[PDB]
Structures are given as structure tokens and as C-alpha cells.
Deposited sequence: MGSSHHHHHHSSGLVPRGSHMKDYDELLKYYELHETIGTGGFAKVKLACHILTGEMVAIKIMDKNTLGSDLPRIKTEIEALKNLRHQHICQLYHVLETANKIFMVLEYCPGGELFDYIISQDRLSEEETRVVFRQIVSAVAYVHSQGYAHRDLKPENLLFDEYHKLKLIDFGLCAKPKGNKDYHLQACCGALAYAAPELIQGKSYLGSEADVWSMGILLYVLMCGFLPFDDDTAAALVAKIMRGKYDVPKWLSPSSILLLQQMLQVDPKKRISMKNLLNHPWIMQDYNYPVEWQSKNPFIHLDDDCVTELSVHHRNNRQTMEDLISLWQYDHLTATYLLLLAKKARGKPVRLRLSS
């Protein structure tokens, strides 16, 4: 047997680890009924436990095309499992460091996905508080997914906002980190960087940085607005979404609004579930809208993704 893995292994076929981290691990798996690939964050529950519990609560309320999806939560004797969206494309961090620097046009394709995700987070009354390129992953279609909501509220020093260091705690800090991200994408180096943490802090607080020769005046202007030391003088989310730089080859503002619904349900997905549970229709729809994040939330959301990639609405 194994009593920690009995409930899990009714629903998932467990694959390669590709995980390690003292308390937390990540294992590849396959959802048995849909055939669909997932990633499982297996926890050794025993410590840092109600910061796993805040992440789960945030993710249960956040549903978005640029936020990596939670399907299922399972809890045993010495485990918490989190069944999550499959992101084989790697970190955004892995792209920056392996190559030199993206073009303005290349950075815009990527940055508009970061803005869409973060504007949705803030609309839900949350702040991520750990925005960095390690925390943005690519799916199998090369689209960005915001991960790790472990520091979220209703991080890395180089990305940290002056007021966050200098003793005030909320979503103005996220705009700053997006400005650090913007700079690294286009330059290939951080705007504030030092050999000692005490000299890094001093540079952030002062707020002076290099303006490379290759940067356009449009790029220089967005950077100055986002990298304001006073969080009151930093660009608002509303003005970011439709900024001239943001729309500079796209003749339209960032679509930050979710295409992943909580309150409207796919009929092909409800009929194909009514076949398995042998319910009527009203019974199946009423059960799904509970969003308990059990096997039913898992099967439905992995059915919704199955039709999206062309394949039929079919359970095995």
C-alpha cells in the first residue's frame, strides 16, 4: 500500500519527480479519466503550514488564462497535495539568462501577459508580493502563467519596492516589481544590483538607475512612471492597461478580464459528466457550482481544457 498516496492514486497516475525543496516537492502526473497531464505539489505537512493555507484560499478565488490553475486539493496523514496546471515551457527567468536581451517588440508580447494576470489579481482584492521572472512559467503553447501565491495578501530584494523594505506593509508594490521585470527583459541586467544586500537596499531607496543607449524614449518613459520611489507617484493599474507603450504595435489595450468562468458552465462538459455520475443535468450543474476543489472540480476543469486543444469531450 502506502496510506499517504491511496486517495491520490485512485485519480492520478504518478510520473517523474522534477521536484526538491526540504518541505515541498513537485511531481508530474496524469489525470486517469481525462488523460490530461498535471503537476502535483506534494507537501510534507509534518511549520510553514497556514502560508500553504493562504495560497490555496487565494487560488480557489483566482481564475484566469495567465494564472496557473488549481484543480484539486487532497490532504492525508502527513501530506497536502495541490493538483496544478501543466507548464513544461520553463521559467521566464530561464529565457532571460540563456540569451542576452529581448527587443522592445519581443518584451511587449511577454509584458502584456504579465499586466493581464496582475490586473486581474488586484481586481480580486489581492497583491502577489513576489513578482519576479522565476514566478512566471510557459505552458505547452508558450503562454505565461503566474505561479507561487505563498507571499500573497488580501520576496526577492532586487524586485522589492522601497516602501516594502523601509517599513510600510499594498498593490502599489506589485507595479514597482513589474517595472524591474520590464527593465531586465529589455536590458539583460537589473536596474539596482550589488555584491552586498546593505548596498542593494541603499540603491533601491535612492532610486537612480542606468538608462541604456538602445532603449527608445517610449521605453524610458514607461520605466520612469513604474519605478517611482514614492508609491503615490507610481503609475496606477488603470493607466498601465492603456499606456501608449502598452499599445505600440497592438491597436488595443490589455484584456485583463478572465476568459475562465466561475458562474457560467460548459454544456458539453456537463453532459459528458452526467454520463459518468449517471445524474440528470440540474443535479450535475448544482454539484459543480459548489467549487469544493475535489475530483469533480478537477475532472470538469480538465474536460474544459480537453475541448480547448481540439480533442473530444471524453472520459475513459
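Colleague: Residue ranges with no C-alpha coordinates, please: along the deposited sequence, counted from 1, in order.
Modeller: Seq positions lacking coordinates: 1-19, 66-68, 177-189, 205-206, 354-356.
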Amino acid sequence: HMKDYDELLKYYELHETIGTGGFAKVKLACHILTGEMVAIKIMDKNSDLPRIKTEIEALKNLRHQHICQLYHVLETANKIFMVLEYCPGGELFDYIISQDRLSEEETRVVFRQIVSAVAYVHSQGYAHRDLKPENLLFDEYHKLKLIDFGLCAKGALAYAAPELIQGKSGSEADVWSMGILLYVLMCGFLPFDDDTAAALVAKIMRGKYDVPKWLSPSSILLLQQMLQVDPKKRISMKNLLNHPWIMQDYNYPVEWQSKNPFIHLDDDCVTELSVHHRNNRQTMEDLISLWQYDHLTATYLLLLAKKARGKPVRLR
From here on, numbers count along this sequence of modelled residues.
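Colleague: Taking only the CA atoms, which stretch has the higher mean B-factor in the record, 181-189 or 100-108?
Modeller: The stretch with the larger average C-alpha B-factor is 100-108.
Colleague: Using the B-factors recorded in the PDB entry, average over the C-alpha atoms of 263-271 and of 33-41, then report which stretch comes out higher.
Modeller: So the stretch with the higher mean C-alpha B-factor is 263-271.
Colleague: Report the third (lowest, middle or highest) to which the CA temperature factor of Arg129 belongs, ranking only the modelled residues of the same chain.
Modeller: Ranked within chain, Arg129 CA B lands in the lowest tercile.
Colleague: Looking at the temperature factor on the CA atom of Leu14, which third of the chain's modelled residues does it land in?
Modeller: Tercile = highest for this residue's CA B-factor.
Colleague: When the modelled residues of the chain are sorted by Cα temperature factor, does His64 land in the lowest, middle or highest third?
Modeller: CA B-factor rank for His64: lowest third.
Colleague: So where's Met284 on the chain's Cα temperature factor ranking, which third?
Modeller: Highest third of the chain for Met284's C-alpha B-factor.
Colleague: Relative to the other modelled residues in the chain, which third contains the C-alpha temperature factor of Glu172: lowest, middle or highest?
Modeller: Within its chain, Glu172 is a middle-third residue by C-alpha B-factor, going by the deposited values.
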